[PDB]
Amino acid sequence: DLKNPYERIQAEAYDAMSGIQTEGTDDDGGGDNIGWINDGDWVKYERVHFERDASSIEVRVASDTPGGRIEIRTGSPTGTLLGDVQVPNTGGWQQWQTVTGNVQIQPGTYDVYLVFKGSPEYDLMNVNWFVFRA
């Protein structure tokens, strides 16, 4: 039941969420993505174990709007910001690209939250999976 942050974590495999819905993805490899993402929404992945320090996160994203950002926090949706990732317009809801952002995460087991932020006026993005790099 521990998750491995150094291999892809599928975004739909969350343990709790606020604000979002899942759908089948047209990204290569098929599977699913989370979507209907708005400013202040989040997803929680429990028991993410880091054996060594993480220095960045890579996220597979799509957006038909101006996009937004993903904040990486632990413990709760308000927990200390460990890094963020900018998500641009990608040309459509199933036009997928990989983006990256720096993080600083020390070894330990965490409840990881991705908290989505941007304009309140439009849905922000879709996310297929994410993975950390050491």
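Sequential numbering from 1, following the sequence displayed.
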_If you average the CA temperature factors as listed in the entry, which stretch comes out higher, 121-129 or 20-28?_
20-28
*Please work out which of 29-37 and 59-67 has the higher mean CA B-factor as recorded in the PDB entry.*
29-37
*Using the B-factors in the PDB entry, rank residue 48's C-alpha atom against the chain and give the third, lowest, middle or highest.*
middle
_residue 85, C-alpha B-factor rank within chain (lowest, middle or highest third)_ = highest
